[PDB]
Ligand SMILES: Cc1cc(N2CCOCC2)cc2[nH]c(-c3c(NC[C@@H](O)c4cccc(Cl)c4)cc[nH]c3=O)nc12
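Next up: just one chain, as structure tokens, the form solved without this ligand.
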């Protein structure tokens, strides 16, 4: 639950650590919304979102990839939450809204995932 055997775990152990970090992202107010849910480039009015981003990811797809077993390693998810944060940071460039949403999330996230990555690492 903090440090014992080899790093690599089961997506379940992960969730135990990771998910909580997610819920923290999820609890970051609408700042989370654009991630805890698929951007839906049709819903928001983006026809080329996947032309700006190469890997959009969404805490929905992440916490699901988390609830499905697509990590097997906590970092896997991390790259994905940093993914959705990265594409929000590149898509909206800077001085936007989701840039702010992604900023604090990266904060709580590193406030969760750091303690996570250490609980797992």
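Numbering follows the first chain given and starts at 1.
Only in words, not in the display: the form deposited with this ligand bound, which the text now covers.
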{"item": "is_contact(residue 8, this ligand) in the entry with it bound, heavy atom dist at most 4.5 Å", "value": "no"}
{"item": "Partner contact for residue 107 in the entry with it bound: this ligand, 4.5 angstroms, heavy atom", "value": "yes"}
{"item": "Residue 75, heavy atom within 4.5 angstroms of this ligand in the entry with it bound", "value": "yes"}
{"item": "Close approach of residue 71 to this ligand in the entry with it bound, 4.5 Å, heavy atom", "value": "no"}
{"item": "In the entry with it bound: members of 89-121 within 4.5 Å of this ligand, any heavy atom", "value": "89, 103, 106, 107, 110, 113, 114, 117"}
